[PDB]
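Visitor: After the structure tokens below, expect a handful of questions from me.
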Number of protein chains: 2
Amino acid sequence: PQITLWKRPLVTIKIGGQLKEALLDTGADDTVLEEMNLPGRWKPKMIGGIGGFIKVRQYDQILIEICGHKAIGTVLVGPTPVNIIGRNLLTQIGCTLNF
Amino acid sequence: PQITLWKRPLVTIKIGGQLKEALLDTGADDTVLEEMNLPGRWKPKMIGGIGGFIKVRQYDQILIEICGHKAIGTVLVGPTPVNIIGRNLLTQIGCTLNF
Ligand SMILES: CC[C@H](C)CN(C[C@@H](O)[C@H](Cc1ccccc1)NC(=O)O[C@H]1CO[C@H]2OCC[C@H]21)S(=O)(=O)c1ccc2ncsc2c1
């Protein structure tokens, strides 16, 4: 599909067996999800943006389904105010910017 | 153009007569640029990101050219980690997400 940017580009995703709303975010290197209790091993990480840094948990090889398009990669979990789909998964679903 | 996302979507912009590099950021409502001198009046404002809120200078109706496309709108100037072009100007140049 084609998503205009009049409004936040929020879409439904499926991760860890849950449905959630997330931003398709070309400004995010990595994918960052709101606090959730995923199983498996993780590594601590810190990621920075406007206002400073937050501490997140890095999970690897996590399956996410974005508007029916499957993707698998690194997902960061932490106290973000919004679920963010970053470029590491946007490339996997064939997402491009066009103007 | 069609921009893929295996690399950061960095582009050259012209603002206040000066060339700068900026990130096309579909996850940003607003356009926030690093500290710089801009002509015209401004008002203090606050904006929040992943790490908290910062103080910015708000310049309204600023001319800004993004890869040869003209936009005129609000530009926030402050301690952002990177120059970001948000949806308020991405819409003006006709940018959409496609997958
Ligand atoms: C340094 C480049 C930008 C700031 C990076 N950000 C993604 C950006 O889309 C962010 C994503 C975001 C969106 C909403 C709340 C918090 C973060 N939006 C944002 O900060 O926008 C601000 C400016 O417009 C306003 O509207 C939204 C907030 C304001 S981010 O969320 O901090 C982010 C995401 C993944 C990531 N991986 C490594 S670093 C890193 C940083």
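Lettering and numbering for the structure tokens are positional, with chains as A, B, ... in the shown order, residues counted from 1 in each chain, and ligands counted from 1 in the shown order.
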Step by step, measure atom-to-atom distances between ligand 1 and each residue using only C-alpha atoms and all ligand atoms, keep those at most 7 Å, then write them as a ChimeraX atom specification.
Guide: /A:25-32,47-50,80-82,84,86 /B:25-32,47-51,80-82,84,86
Visitor: Next, write the just-selected residues to a file, as a compact mmCIF listing (two decimals), in the first residue's frame, keeping N, CA, C and O atoms as the atom set.
Guide:
```
# COMPACT_ATOMS: atom_id res chain seq x y z
N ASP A 25 8.97 4.13 10.65
CA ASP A 25 9.83 5.28 10.96
C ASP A 25 11.18 5.20 10.24
O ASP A 25 12.12 4.53 10.69
N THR A 26 11.29 5.96 9.15
CA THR A 26 12.53 6.02 8.39
C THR A 26 13.67 6.68 9.15
O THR A 26 14.83 6.50 8.75
N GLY A 27 13.39 7.44 10.20
CA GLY A 27 14.41 8.03 11.05
C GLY A 27 14.96 7.14 12.15
O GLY A 27 15.84 7.55 12.91
N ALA A 28 14.45 5.93 12.28
CA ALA A 28 14.88 4.99 13.30
C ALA A 28 15.78 3.94 12.66
O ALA A 28 15.31 3.18 11.80
N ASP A 29 17.04 3.87 13.11
CA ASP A 29 17.93 2.82 12.64
C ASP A 29 17.39 1.47 13.04
O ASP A 29 17.38 0.52 12.25
N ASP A 30 16.93 1.37 14.29
CA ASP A 30 16.52 0.12 14.91
C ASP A 30 15.04 0.18 15.27
O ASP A 30 14.41 1.24 15.27
N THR A 31 14.51 -1.00 15.60
CA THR A 31 13.11 -1.17 15.95
C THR A 31 13.01 -1.17 17.47
O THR A 31 13.73 -1.92 18.15
N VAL A 32 12.11 -0.34 17.98
CA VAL A 32 11.98 -0.12 19.42
C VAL A 32 10.52 -0.28 19.80
O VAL A 32 9.67 0.49 19.35
N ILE A 47 19.90 3.65 23.53
CA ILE A 47 19.67 4.31 22.24
C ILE A 47 19.24 5.74 22.52
O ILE A 47 18.50 5.99 23.48
N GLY A 48 19.72 6.66 21.68
CA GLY A 48 19.58 8.09 21.90
C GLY A 48 18.71 8.74 20.85
O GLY A 48 18.66 8.31 19.69
N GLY A 49 18.04 9.79 21.27
CA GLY A 49 17.29 10.64 20.38
C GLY A 49 17.05 11.97 21.03
O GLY A 49 17.79 12.38 21.93
N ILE A 50 16.00 12.67 20.59
CA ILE A 50 15.68 13.95 21.22
C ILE A 50 15.35 13.74 22.70
O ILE A 50 14.52 12.88 23.05
N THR A 80 9.91 3.27 25.62
CA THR A 80 9.58 4.21 24.57
C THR A 80 8.10 4.59 24.65
O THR A 80 7.25 3.77 25.05
N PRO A 81 7.77 5.83 24.32
CA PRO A 81 6.35 6.22 24.31
C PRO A 81 5.55 5.70 23.13
O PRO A 81 4.31 5.77 23.16
N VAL A 82 6.20 5.16 22.11
CA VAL A 82 5.55 4.70 20.90
C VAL A 82 6.29 3.48 20.40
O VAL A 82 7.52 3.39 20.51
N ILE A 84 8.03 1.66 17.56
CA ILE A 84 8.74 2.19 16.39
C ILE A 84 9.29 1.06 15.53
O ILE A 84 10.16 0.30 15.98
N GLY A 86 11.77 0.31 12.72
CA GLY A 86 12.93 0.98 12.17
C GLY A 86 13.40 0.33 10.88
O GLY A 86 12.80 -0.62 10.39
N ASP B 25 12.53 11.82 8.10
CA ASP B 25 12.15 11.15 9.35
C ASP B 25 10.64 11.04 9.46
O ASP B 25 9.98 11.92 10.03
N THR B 26 10.08 9.92 8.99
CA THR B 26 8.63 9.77 8.97
C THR B 26 8.05 9.61 10.37
O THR B 26 6.84 9.82 10.56
N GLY B 27 8.88 9.31 11.36
CA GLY B 27 8.45 9.22 12.75
C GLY B 27 8.44 10.51 13.52
O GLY B 27 8.16 10.55 14.72
N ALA B 28 8.77 11.60 12.85
CA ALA B 28 8.80 12.90 13.47
C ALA B 28 7.64 13.73 12.95
O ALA B 28 7.51 13.90 11.73
N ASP B 29 6.83 14.26 13.88
CA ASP B 29 5.76 15.16 13.48
C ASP B 29 6.34 16.46 12.92
O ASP B 29 5.78 17.08 12.01
N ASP B 30 7.43 16.91 13.52
CA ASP B 30 7.99 18.24 13.31
C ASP B 30 9.42 18.13 12.80
O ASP B 30 10.05 17.09 12.96
N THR B 31 9.90 19.23 12.21
CA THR B 31 11.24 19.33 11.63
C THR B 31 12.09 20.01 12.71
O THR B 31 11.73 21.09 13.20
N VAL B 32 13.17 19.36 13.12
CA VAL B 32 14.02 19.86 14.19
C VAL B 32 15.45 19.85 13.68
O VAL B 32 15.95 18.80 13.27
N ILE B 47 9.69 20.36 22.83
CA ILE B 47 9.32 19.18 22.06
C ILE B 47 9.88 17.94 22.75
O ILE B 47 10.94 17.99 23.38
N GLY B 48 9.15 16.85 22.67
CA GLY B 48 9.52 15.61 23.33
C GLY B 48 9.93 14.55 22.33
O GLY B 48 9.30 14.41 21.27
N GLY B 49 10.96 13.80 22.68
CA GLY B 49 11.43 12.69 21.88
C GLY B 49 11.51 11.40 22.69
O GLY B 49 10.90 11.26 23.76
N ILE B 50 12.30 10.45 22.20
CA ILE B 50 12.35 9.16 22.87
C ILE B 50 12.92 9.30 24.26
O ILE B 50 12.62 8.47 25.14
N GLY B 51 13.79 10.30 24.48
CA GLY B 51 14.52 10.43 25.72
C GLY B 51 14.07 11.52 26.67
O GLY B 51 14.59 11.64 27.78
N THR B 80 18.88 18.83 19.03
CA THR B 80 18.57 17.51 18.50
C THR B 80 19.85 16.79 18.12
O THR B 80 20.82 17.42 17.69
N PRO B 81 19.89 15.46 18.26
CA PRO B 81 21.12 14.72 17.88
C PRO B 81 21.45 14.77 16.39
O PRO B 81 22.61 14.55 16.02
N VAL B 82 20.46 15.04 15.54
CA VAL B 82 20.63 15.02 14.09
C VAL B 82 19.58 15.97 13.51
O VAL B 82 18.48 16.12 14.06
N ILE B 84 16.58 16.63 11.44
CA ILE B 84 15.50 15.75 10.99
C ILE B 84 14.43 16.55 10.26
O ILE B 84 14.03 17.62 10.73
N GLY B 86 10.65 16.39 9.39
CA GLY B 86 9.46 15.71 9.85
C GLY B 86 8.28 15.85 8.90
O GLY B 86 8.37 16.47 7.84
```
Visitor: When all Cα positions are paired in order and chain B is fitted onto chain A, what RMSD is left, to one decimal?
Guide: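 The optimal C-alpha superposition leaves an RMSD of 0.6 Å.
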Visitor: Please identify which residues in chain A DSSP calls alpha helix (DSSP H) from the backbone, and express them as a VMD selection string.
Guide: chain A and resid 87 to 90
Visitor: What would the file look like if the residues just selected were written as an mmCIF file, in the first residue's frame with N, CA, C and O atoms?
Guide:
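Output saved as out-v6.cif:
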```
data_model
loop_
_atom_site.group_PDB
_atom_site.id
_atom_site.type_symbol
_atom_site.label_atom_id
_atom_site.label_comp_id
_atom_site.auth_asym_id
_atom_site.auth_seq_id
_atom_site.Cartn_x
_atom_site.Cartn_y
_atom_site.Cartn_z
ATOM 1 N N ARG A 87 14.488 0.893 10.336
ATOM 2 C CA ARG A 87 14.899 0.539 8.985
ATOM 3 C C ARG A 87 15.305 -0.918 8.896
ATOM 4 O O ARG A 87 15.172 -1.528 7.831
ATOM 5 N N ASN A 88 15.797 -1.491 9.999
ATOM 6 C CA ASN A 88 16.223 -2.888 9.981
ATOM 7 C C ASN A 88 15.096 -3.819 9.557
ATOM 8 O O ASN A 88 15.348 -4.831 8.904
ATOM 9 N N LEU A 89 13.851 -3.495 9.879
ATOM 10 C CA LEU A 89 12.714 -4.265 9.393
ATOM 11 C C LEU A 89 12.002 -3.621 8.199
ATOM 12 O O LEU A 89 11.408 -4.333 7.375
ATOM 13 N N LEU A 90 12.028 -2.297 8.075
ATOM 14 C CA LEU A 90 11.359 -1.688 6.935
ATOM 15 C C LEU A 90 11.955 -2.183 5.623
ATOM 16 O O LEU A 90 11.229 -2.390 4.645
#
```
Visitor: Could you give me, as an MDAnalysis selection string, each residue of chain B that DSSP assigns to strand (DSSP E) when run on this structure's backbone?
Guide: chainID B and resid 2:3 10:15 18:24 32:33 43:49 52:66 69:77 84:85 96:98
Visitor: List the neighbours of stretch 67-74 of chain B out to 7 Å using only C-alpha atoms; skip same-chain residues closer than 4 positions along the sequence, and give me the result as a PyMOL selection string.
Guide: chain B and resi 11-13+58-63+89+92-93
Visitor: Find, counting only C-alpha atoms, the residue in B:3, B:24, B:38, B:56 that gets nearest to residue B:83.
Guide: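 Using only C-alpha atoms, the shortest distance to residue B:83 belongs to B:24.
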Visitor: Which value, in Å to one decimal, gives the distance between atom CA of residue B:52 and atom CA of residue A:91?
Guide: 28.0 Å
Visitor: What is the atom CA of residue A:98 to atom CA of residue B:66 distance in Å?
Guide: 12.9 Å
Visitor: Atom CA of residue B:64 to atom CA of residue B:15: how many Å, to one decimal?
Guide: 4.8 Å
Visitor: Which one is closest to residue B:99: A:16, A:78, A:9, A:1? Count only C-alpha atoms.
Guide: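 Going through A:16, A:78, A:9, A:1 one by one, the smallest distance to residue B:99 is for A:1.
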